[PDB]
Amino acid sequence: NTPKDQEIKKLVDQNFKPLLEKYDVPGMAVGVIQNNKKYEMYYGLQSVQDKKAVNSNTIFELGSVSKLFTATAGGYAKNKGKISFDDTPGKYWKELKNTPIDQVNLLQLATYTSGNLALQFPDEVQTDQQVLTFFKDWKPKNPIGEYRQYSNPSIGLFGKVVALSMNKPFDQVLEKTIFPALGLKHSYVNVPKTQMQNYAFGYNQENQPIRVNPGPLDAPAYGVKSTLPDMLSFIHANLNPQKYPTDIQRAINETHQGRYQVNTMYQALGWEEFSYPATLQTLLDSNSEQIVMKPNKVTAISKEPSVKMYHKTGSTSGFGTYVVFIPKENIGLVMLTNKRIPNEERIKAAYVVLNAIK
């Protein structure tokens, strides 16, 4: 005879709250959506030195969960006929016409299969001129389309091309088109002066306050900041795309389509996809050092499951993110922290909570 809000709170207290003491995490926001009912749980401090509590207004760095907004933007551009995933970047970024990188298509950039792009740009690459020079000087290594290497430059270039195709800088594509289409009110590429009071400090592994550094093509790769209420609205859109206008509806569905497999992990656009029900170990394997940090030969999808679940981890120097949703159970979860904790702890906490809820 316990209300649903209190049962979810108890499960999140049991599974997420102990991670704050264990990893010395100053602040955490955990959100659950089930049957279009949203539950918001806030713990600890957005700023230790200011003694400001995490709340519904607190802005967190999403890190690589930013890639889900880049993927959604690409899906929007494709379904409006602004790009094809069979196009090469040279069609939109003319200075890349007839260069080796112009042999790589947009889908291969978005899904990390160029065959010669690492996690990060070289440290020296900062300016737009330096980014252009990097891609002009790029040469293939592995056969194009065959090897997955998780890469910021790779989806970064996809983002930049999607932006060129819509005649707007990438920050404006998200802030003026995609965020408003998804009904997000407190989501930013650039947090304005009037919201800096709501922008959490991140905390590094010595619990020193830090925020993300500017970097080359940072926005499309890891540059989005958001609140728990906005991230629950984003999960709602992914659970119920039919309720949104055609353009963003088709954009969202585009991001759910598996493109290839690496064992039990299906690479969608931004999202990782699994046959549901998934075992905990399947979800843990998706974020192993081998999958995240090294190249892996991809396979064609040979078993398309009827029922799928989707997740994505995100990290910056000072922030950890995890988002997961299961269409069949009409349920999802968001975790935001202002200190990185191991990916495996995020995945396991979410797994226990989502499997225990009635």
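One rule holds for the numbers: they count along the sequence shown, beginning at 1. We call the rigid core whatever largest set of C-alpha positions still superposes within 1.5 Å between the two forms.
Comparing 239-247 with 258-266 in 9 other deposited structures of this protein, after superposition on the rigid core, the stretch with the greater RMS C-alpha deviation is 239-247.
When the other structures are laid on the shown form by the rigid core, the stretch among 299-307 and 66-74 with the greater C-alpha deviation in 9 other deposited structures of this protein turns out to be 299-307. Look at the C-alpha B-factors of 307-315 and of 28-36. On average they run higher in 28-36. Of the two stretches examined, 110-118 and 239-247, the record assigns the greater average C-alpha temperature factor to 239-247. Of all the options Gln267, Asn213, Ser286, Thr279, the entry's greatest CA B-factor is assigned to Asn213. Going by the entry's values, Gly183 shows the largest Cα B-factor out of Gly202, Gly183, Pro220, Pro153. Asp50: CA B factor lies in the middle third for its chain, per the PDB record. The deposited CA B-factor of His256 belongs to the lowest third of values across its chain. Among all modelled residues in this chain, the alpha-carbon of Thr227 has a temperature factor (C-alpha) in the lowest third.
The PDB entry assigns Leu336 a C-alpha temperature factor belonging to the lowest third of its chain's modelled residues. Sort the modelled residues of the chain by CA B factor and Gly44 lands in the lowest third.
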